[PDB]
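Step one of this worksheet: look at the structure below.
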Amino acid sequence: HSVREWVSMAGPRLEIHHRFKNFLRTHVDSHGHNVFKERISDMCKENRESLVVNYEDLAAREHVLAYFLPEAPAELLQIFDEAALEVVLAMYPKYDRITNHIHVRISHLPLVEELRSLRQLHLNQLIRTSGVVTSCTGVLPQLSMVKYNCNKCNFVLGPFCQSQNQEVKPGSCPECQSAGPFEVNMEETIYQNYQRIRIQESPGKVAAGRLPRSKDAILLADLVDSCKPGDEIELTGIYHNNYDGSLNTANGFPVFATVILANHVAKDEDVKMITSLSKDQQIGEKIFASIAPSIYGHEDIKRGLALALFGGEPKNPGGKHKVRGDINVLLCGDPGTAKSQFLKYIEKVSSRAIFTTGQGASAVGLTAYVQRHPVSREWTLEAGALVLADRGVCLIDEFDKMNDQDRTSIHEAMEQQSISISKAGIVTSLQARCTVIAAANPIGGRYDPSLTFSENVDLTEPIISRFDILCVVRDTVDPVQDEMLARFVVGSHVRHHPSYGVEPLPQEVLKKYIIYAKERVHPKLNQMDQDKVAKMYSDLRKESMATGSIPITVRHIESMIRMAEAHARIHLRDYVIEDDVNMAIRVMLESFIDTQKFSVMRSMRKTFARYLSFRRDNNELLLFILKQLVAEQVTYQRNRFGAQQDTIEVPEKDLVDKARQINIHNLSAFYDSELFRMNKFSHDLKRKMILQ
DNA sequence: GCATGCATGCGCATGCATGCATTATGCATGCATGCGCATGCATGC
DNA sequence: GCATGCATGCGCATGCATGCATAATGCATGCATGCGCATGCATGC
Ligand SMILES: Nc1ncnc2c1ncn2[C@@H]1O[C@H](COP(=O)(O)OP(=O)(O)OP(=O)(O)O)[C@@H](O)[C@H]1O
Ligand SMILES: [Mg+2]
Ligand SMILES: [Zn+2]
């Protein structure tokens with residue numbers, strides 16, 4: 001006889017029920033503790049409805065049930081549910097008021113083949129698969145214990161159990177003996193949670209030359225909404241045919257359709273630690289060095305992205321004057337400078353970050369529209385990436401390639417911080433409180449130092465004016481820097497084969513610190529110094545007009561304040577002090593100067609050396625001087641000789657003179673500094689020379 | 001005139017032609033709209 | 001004038017409300033007449 005035939009009869013049913021009850025009551029762990037005791041207790045503490053059982057323990061304790069389990073799942077699961085309900089109701093008597101049924105789910109199993117191997121042999125069996133979710137139908141109320149109203153009299157027919165295979169068709173009304181019709185009593189019916197899922201093979205495991213295959217699954221009761229589309233899951237289920245409509249009859253061959261019915265899915269002190277890290281005096285440098293571990297160099301960009309991530313504070317006196325606190329970032333770089341890796345890292349770190357590209361065929365669009373979704377076939381209003389990132393970050397790649405509509409939408413979202421829609425009878429305004437970070441390339445493919453930033457970029461001045469921070473990444477042949485970058489790249493390639501800052505914080509710790517600072521830190525400007533700010537602003541405007549190009553405006557000051565707030569948010573300071581103000585001054589001055597052309601940039605850099613030297617390193621400046629002299633000598637050698645020489649040498653007197661011009665008189669510490677050795681410089685006193 | 005016979009008369013059973021009562025479910029068709037395609041018009045540079 | 005963008009345009013699939021097609025058997029009632037009974041009329045002797 002078949003396994004299910006022996007299962008059906010009452011004798012072994014009751015015997016197996018008693019065996020399972022004893023297994024539940026007597027099962028203990030490897031340490032002697034009653035597993036089901038603690039399990040049912042923690043289930044009781046939250047009023048849950050499901051119980052989890054391992055096939056390994058079930059096979060170890062009672063082998064016959066484990067053997068019969070794969071080839072007769074439905075009846076055995078029903079018996080186990082009855083036994084578990086009896087045991088639980090014995091433990092606690094109140095569930096008759098709360099929950100009248102408890103489900104039993106199998107957790108572990110011997111792994112079963114993938115979606116390709118499922119064939120006729122696996123029908124009506126227990127299987128376990130792994131796949132990727134592609135769609136979900138939501139939550140649906142299915143019938144259970146249906147009550148029907150007669151339509152001739154008004155009698156209420158008793159509850160009928162709704163099986164998953166066929167619909168319930170009542171025979172006749174017990175009183176008037178009518179044959180129909182009947183309708184469902186909506187008020188007295190009981191309902192169940194139902195959801196449908198489509199699963200596709202993981203693209204990495206598909207052999208070359210064939211395509212991934214998909215199958216459908218059904219989740220019920222507590223399993224609903226346990227998976228998001230695009231995730232990777234593992235199911236334990238029943239491979240089924242016996243549902244009405246599976247046979248193809250209207251035309252074609254007699255082909256059956258298969259469906260899987262699933263029953264399991266397998267995918268305080270921190271505040272004190274945050275405060276302790278804040279107590280450390282150099283937390284700011286730790287955070288600055290913690291950004292983008294995989295990218296070498298570009299320390300200024302990481303420092304700016306720190307403020308961009310931490311953000312500021314909006315201010316709106318009354319309902320009249322709105323001032324944002326989001327610090328936008330724009331990057332312009334020559335090819336090969338890894339602009340996109342920064343955006344990828346930011347998306348990885350940020351809790352809510354949206355990524356899109358202006359070139360085309362983006363997964364998420366940049367404009368709101370109303371459409372019937374291709375997958376769910378529903379009439380939806382799909383807002384752009386700007387709307388979806390409320391209090392989040394929006395990332396745009398290939399900023400220049402955007403067409404007219406994208407530029408218009410971005411301008412509207414940046415200047416008004418709201419998106420207006422008038423389409424298909426729908427008129428709306430949606431909030432776009434988001435921070436914008438963008439990357440782009442110059443017009444000719446290479447940055448021109450003799451032209452302004454606006455002349456080098458395809459964008460317009462109004463769009464550029466919105467961004468608080470502008471960064472320029474220019475590629476220049478430095479042998480030592482190129483050597484280090486190549487070393488890092490080759491090391492990364494070798495490592496991933498299949499066979500200044502003391503210590504950066506952990507990524508999860510950084511996330512927790514960011515969340516805590518955003519939630520509970522609100523620095524106050526009650527200690528600002530207006531005299532110094534006003535004097536510096538006046539002097540900056542004066543010398544900008546003296547040079548005669550791109551004068552400063554009040555907007556920059558606002559950015560400074562925001563940056564100051566961001567810095568005060570880094571140290572968990574509740575009040576703004578002079579250090580944050582000076583750092584924001586340095587950042588704003590660097591951003592403003594870097595956008596000028598050669599002569600103006602040089603003059604401004606020379607004149608404003610006082611402010612730009614805040615918390616700077618003298619050794620770095622001396623290294624810059626040495627690099628400039630080395631570059632001059634190398635250029636002269638290449639132009640005259642026609643080829644480079646084997647050695648580079650430079651007198652110490654020129655370096656000393658330039659340091660005196662910058663008011664530096666001692667260089668022994670620079671000689672003993674690590675920066676001197678890192679660039680493979682040497683100093684010879686026998687000739688008073690520097691060799692590289 | 002009294003004794004007897006008896007053709008008439010009445011009520012309840014069965015047999016047989018007409019007549020009376022009952023009664024939801026499953027399958028097919030046209031309207032709306034997505035998706036791939038080629039022609040063609042209009043707009044730049 | 002030639003190169004490119006693109007709003008308009010067309011044909012065949014599915015999904016969903018209305019609409020279309022099907023289709024004898026069993027049980028009840030009144031008319032005709034047999035069978036037992038008591039009254040009553042008519043006819044003998
Ligand atoms: N400093 C760096 N550290 C690590 N990798 C780098 C660095 N600079 C460049 N790369 C590598 O250079 C490659 C160039 O690709 P990438 O997408 O990063 O370029 P991009 O700057 O976005 O260029 P494009 O202007 O073409 O969009 C990448 O594989 C990146 O890892
Ligand atoms: Mg890129
Ligand atoms: Zn009824």
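Counting neighbours? That spans all protein chains shown, and the Cβs are built from the backbone with ideal geometry, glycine included. Please treat every number below as a calculation from the coordinates, not as lab data.
Structural remarks
- Each principal axis of the Cα atoms in region A:199-333 has its own extent, and those three values, largest first, are 74, 45, 39 angstrom.
- The modelled label-to-label distance for the pair A:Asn34/A:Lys320, using points 7 Å beyond Cα in the direction of Cβ, is 7.2 nm.
- Across q = 0.15 Å⁻¹, region A:433-551 modelled as identical point scatterers on its alpha-carbon atoms has Debye log10 I(q)/I(0) values of -1.26, in the order of the q list.
- Working from the Cα coordinates of region A:1-45, the gyration tensor eigenvalues give, after taking √(5λ), semi-axes of 30, 12, 9 Å in decreasing order.
- Since only A:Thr380, A:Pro93, A:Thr129 are under comparison, the one whose Cα sits farthest along the positive direction of the charge dipole of chain A, derived from C-beta charges on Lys, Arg, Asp and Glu, is A:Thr380.
- Spherically averaged projected area of region A:483-604 from its Cα convex hull (nm²): 12.1 nm²
- Amide hydrogen neighbours beyond the local backbone of A:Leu220, cut-off 5 Å, H modeled: none
- Given their separation in residues at 0.36 nm each and the Cα-Cα distance between them, A:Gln371 and A:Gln282 gain 26.9 nm when the chain is fully extended.
- In order along region A:680-692, the phi-based Karplus estimate (6.51 cos²θ - 1.76 cosθ + 1.60, θ = phi - 60°) of 3J(HN,Hα) comes to 6, 8, 9, 10, 10, 7, 5, 10, 6, 10, 10, 10, 9 Hz; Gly and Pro are listed as x.
- Ordered by the count of other Cβ atoms within 10 Å of each Cβ, fewest first, A:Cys173, A:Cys394 give A:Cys173, A:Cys394.
- Cα gyration tensor shape for region A:176-257, rounded if a/c is under 1.5, else prolate or oblate: oblate
- Footprinting exposure proxy for A:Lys653, A:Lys512 (fewest neighbouring C-beta atoms within 10 Å first): A:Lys653, A:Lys512
- Amide H contacts of A:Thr367: A:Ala385, each under 5 Å away and 5 or more positions distant or on a separate chain (H built 1.01 Å from N in the peptide plane; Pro and chain starts excluded).
- The convex hull built on the alpha-carbon positions of region A:330-390 has an orientation-averaged projected area of 5.6 nm².
- Positive-end residue of A:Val255, A:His240, A:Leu277, charge dipole of region A:214-313 with Cβ unit charges: A:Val255
- Nearest-20 debye value, region A:169-287 charge dipole, Cβ charges on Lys, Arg, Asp, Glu: 760 debye
- For region A:338-347, the Karplus equation 6.51 cos²θ - 1.76 cosθ + 1.60, evaluated at θ = phi - 60°, returns couplings of 6, 6, 6, 5, 4, 5, 4, 4, 5, 4 Hz by residue, with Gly and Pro reported as x.
- A simple charge model with +1 on the Cβ of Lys and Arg, -1 on the Cβ of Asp and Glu and nothing else charged puts the dipole of region A:509-564 at about 360 debye relative to its Cα centre.
- Cα→Cβ-extended label distance, 7 Å offset, between A:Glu483 and A:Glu578, nm: 4.3 nm
- Shape call, region A:1-151: gyration tensor on alpha carbons, a/c limit 1.5: rounded
- Least to most buried among A:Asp42, A:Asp580, A:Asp406 (fewest other Cβ within 10 Å first): A:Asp42, A:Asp406, A:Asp580
- Spread of Cα-to-Cα distances over 10 Å intervals beginning at zero, given as percent, for region A:539-692: 9, 29, 27, 23, 10, 2, 0
- Ordering A:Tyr636, A:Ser340, A:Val104 by Cα displacement along the dipole of chain A toward the positive end leaves A:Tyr636 in first place; charges were set at the Cβ atoms of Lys, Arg (+1) and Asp, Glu (-1).
- Calculated FRET value between A:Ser163 and A:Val427, using beta carbons and R₀ = 51 Å, to 0.05: 0.55
- As a calculated quantity, the FRET efficiency between A:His18 and A:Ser214 at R0 = 45 Å, using C-beta atoms, amounts to about 0.60.
- Spin-label zone in region A:49-73 - amide nitrogen under 18 Å from a point set 7 Å from the Cα of A:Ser117 along the C-beta vector: A:70-71
- For chain A, convex hull volume per residue from C-alpha positions, Å³: 297 Å³
- Taken over the Cα atoms of region A:322-362, the convex hull encloses 130 Å³ per residue.
- Evaluated with a Cβ-only charge set (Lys, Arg +1; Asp, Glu -1), region A:36-90 carries a dipole of roughly 200 debye about its Cα centre, given to the nearest 20.
- Distance from region A:1-78 to region A:521-588 (C-alpha centre basis), Å: 70 Å
- Sum of -39500 (n - 2.57) over DSSP H runs of 4+, divided by residues of chain A (222 nm, nearest 500): -12000 deg cm²/dmol
- Taking amide H atoms as placed 1.01 Å from N in the peptide plane, the amide H of A:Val52 lies under 5 Å from those of A:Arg105, each 5 or more residues away in sequence or on another chain.
- Extension gain for A:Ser202 to A:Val3 (0.36 nm times residue separation, less C-alpha to C-alpha distance): 68.2 nm.
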